[PDB]
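There are 2 protein chains.
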Amino acid sequence: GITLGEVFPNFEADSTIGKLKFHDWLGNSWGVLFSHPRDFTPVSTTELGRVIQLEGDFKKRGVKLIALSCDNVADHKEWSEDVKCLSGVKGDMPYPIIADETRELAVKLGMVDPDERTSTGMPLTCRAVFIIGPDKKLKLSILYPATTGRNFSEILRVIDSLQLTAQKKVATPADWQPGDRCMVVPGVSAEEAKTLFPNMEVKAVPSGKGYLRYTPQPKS
Amino acid sequence: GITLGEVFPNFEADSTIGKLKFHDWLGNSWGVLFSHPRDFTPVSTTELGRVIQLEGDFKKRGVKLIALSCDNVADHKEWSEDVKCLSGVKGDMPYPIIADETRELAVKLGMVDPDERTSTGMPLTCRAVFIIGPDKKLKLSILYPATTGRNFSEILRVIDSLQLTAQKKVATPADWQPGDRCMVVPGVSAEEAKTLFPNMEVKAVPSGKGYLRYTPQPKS
């Protein structure tokens, strides 16, 4: 498996756009690598169609999308025609699909599904998401099972958080949506906070400390 | 780290309720173990206060809740009074907080924060969530960094999925909300699916396959 902060592997893999070297394909850019158990399966089709529907939304944020399963590239090309169809959107598939047939990414990234295997007991990936920064480090990950489809609104939400918190001395609270107030991180001094966050409110708490500090969302 | 389907470790840890043997505290019941970087920090208080607001929701689904940081039990009890106050709810902490002072769970669970350390460079945990079943296996996990507060409604959403998809041969699609229709798992034959799901729609796709099967939320 892969812990937060680690350089994401620079793997060579075959895909729907040919062989790709991961770090080269991503470049100086945010990326989201997401996996699914198997092609020609229903939840996976709703998810990958949903991602097509939301392509514009990841694009506005400069995030590159790439999907992955252990199926061959022939199965990825055929199945995309179903994915496209369900999306309702016209045109070519706007993201690649990796064929992890050797199961090297499955095992390395710790994204093997506990219940789903091939007819021959071969392993399969689950529903993983890896959010990768411009420095190639893993910033956030989820590991959902075959049974449970993902929530792409939440993915976009935590992207908004990560992109803002990379750039400003803030952290986003429970259930934050863009444009809600953020928390001033505990490492900013009372003195540093006077210039950086003029409009901060310190809200009092029984313990007396001065840590519960809110500020408007900064223009990033 | 911990992969999906692994038996969650039967760890002994101190807490705000004394030493815990994890599988003994859990008993035969779903549980959610969730971590936070450090007590007396702003985002961590908003999330732990929101858990208190939601504890009845977790109780209704039979989910035991348990928090964790690398702080000591005394800090946990002092700070618990600030979390209570943010929450708006009067009464006793409805969930334990584990002290992982050695960082042995931090490291075993693959939940070190990439960025946050103590003033001397010691590891702290990220915002990790693990959903463990009555069988003690890991069903889903998330790893969010200190920068990015979690969405505890997404946790409830995925619990509902996990619970329902353990009762019925269905899988929850992208962005599913309880009461929406699910997908019939692809492994289910044509003749079983017709026996179990009478209001099933089979949606024609360009590939001619018959996997894209919906069922109005099955009897639950």
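Top line first, the protein sequences correspond to chains B and A.
Quick note: the entry's author numbering has the first sequence finishing at residue 221, numbered continuously throughout.
Quick note: the entry's author numbering has the second sequence finishing at residue 221, numbered continuously throughout.
The beta carbon of each residue, even a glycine, is placed where N, CA and C say it ideally should be.
For residue i, the residue or residues it bridges with in DSSP
| i | result |
| --- | --- |
| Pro179(B) | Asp181(B) |
| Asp15(A) | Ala100(A) |
| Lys78(A) | Note: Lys78(A) sits in no beta bridge, so no partner. |
| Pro124(B) | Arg118(B) |
| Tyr145(A) | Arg128(A) |
| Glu202(B) | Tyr215(B) |
| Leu34(B) | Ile67(B), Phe131(B) |
| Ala172(A) | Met184(A) |
| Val189(B) | Answer by DSSP bridge pairing: none, since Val189(B) is not bridged. |
| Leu21(A) | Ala14(A) |
Helix, strand or coil at residue i [DSSP, three-state]
| i | result |
| --- | --- |
| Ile53(A) | helix |
| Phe41(A) | coil |
| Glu105(B) | helix |
| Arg158(A) | helix |
| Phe9(B) | coil |
| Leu69(A) | strand |
| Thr166(A) | helix |
| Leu139(B) | strand |
| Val113(A) | strand |
| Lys60(A) | helix |
| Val84(B) | helix |
| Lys195(A) | helix |
| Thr4(A) | coil |
6 Å CB neighbourhood of residue i in its chain, flanking five on each side removed
| i | result |
| --- | --- |
| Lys22(A) | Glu13 |
| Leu165(A) | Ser221 |
| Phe9(B) | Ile133, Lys137, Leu139 |
| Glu56(A) | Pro95 |
| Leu49(A) | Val84 |
| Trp177(B) | none |
| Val44(B) | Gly150 |
| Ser162(B) | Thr173 |
Neighbourhood of residue i by C-beta distance below 8 Å, restricted to the same chain and skipping five residues each side
| i | result |
| --- | --- |
| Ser30(A) | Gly63, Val64, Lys65, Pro135 |
| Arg118(B) | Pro124, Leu125 |
| residue 306(A) | No answer is possible for residue 306(A): the residues shown for chain A start at 2 and end at 221. |
| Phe153(B) | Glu48, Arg51, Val52, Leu55 |
Cβ of residue i within 8 Å of any chain C Cβ
| i | result |
| --- | --- |
| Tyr212(B) | Among the chains of the structure shown, chain C does not appear; the protein chains present are B and A. |
Residues of its chain near residue i, where Cβ-Cβ distance is below 7 Å and the 5 sequence neighbours each way are ignored
| i | result |
| --- | --- |
| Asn11(B) | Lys22, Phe23, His24 |
| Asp72(B) | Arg39, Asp40, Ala100 |
| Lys78(A) | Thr17 |
| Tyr212(A) | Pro187 |
| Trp80(A) | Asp40, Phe41 |
| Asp15(B) | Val74, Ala100 |
| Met184(A) | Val171, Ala172, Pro174, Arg214, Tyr215 |
| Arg182(A) | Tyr215, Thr216, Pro217, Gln218 |
Contact list for the region 168-202 of chain A against chain B, Cβ threshold 9 Å: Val171, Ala172, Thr173, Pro174, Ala175, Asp176, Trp177, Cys183, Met184, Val185, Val186, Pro187, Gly188
Interfacial residues, the region 64-83 of chain B to chain A, with Cβ spacing under 8 Å: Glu79, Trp80, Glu82, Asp83
Residues of the region 12-46 of chain B with Cβ closer than 8 Å to any Cβ of chain A, in chain order: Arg39, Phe41, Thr42, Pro43, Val44, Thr46
Contact list for the region 133-149 of chain A against chain B, Cβ threshold 9 Å: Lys138, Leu139, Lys140, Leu141, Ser142, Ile143, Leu144, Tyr145, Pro146, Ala147, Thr148, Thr149
Cβ contact check for the region 31-46 of chain A and the region 110-130 of chain A: 3 or more pairs under 8 Å: yes
contact_flag[the region 81-93 of chain A, the region 143-156 of chain A] where n(CB pairs < 8 Å) is 3 or more: no
Contact list for the region 109-123 of chain B against chain A, Cβ threshold 9 Å: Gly111, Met112, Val113, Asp114, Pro115, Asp116, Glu117
The region 182-199 of chain B in contact with the region 187-199 of chain A per 3-pair CB rule at 8 Å: no
Sufficient close CB pairs (3 or more, under 8 Å) joining the region 195-214 of chain A to the region 170-185 of chain A: yes
Near-chain B residues of the region 87-109 of chain A (beta-carbon distance less than 8 Å), N- to C-terminal order: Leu87
Contact set between the region 151-169 of chain B and chain A, restricted to residues whose Cβ is under 9 Å from the partner: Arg151, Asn152, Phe153, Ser154, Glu155, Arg158, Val159, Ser162, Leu163, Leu165, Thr166, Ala167
Proximal residues, the region 51-62 of chain A versus chain B, C-beta separation under 7 Å: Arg51
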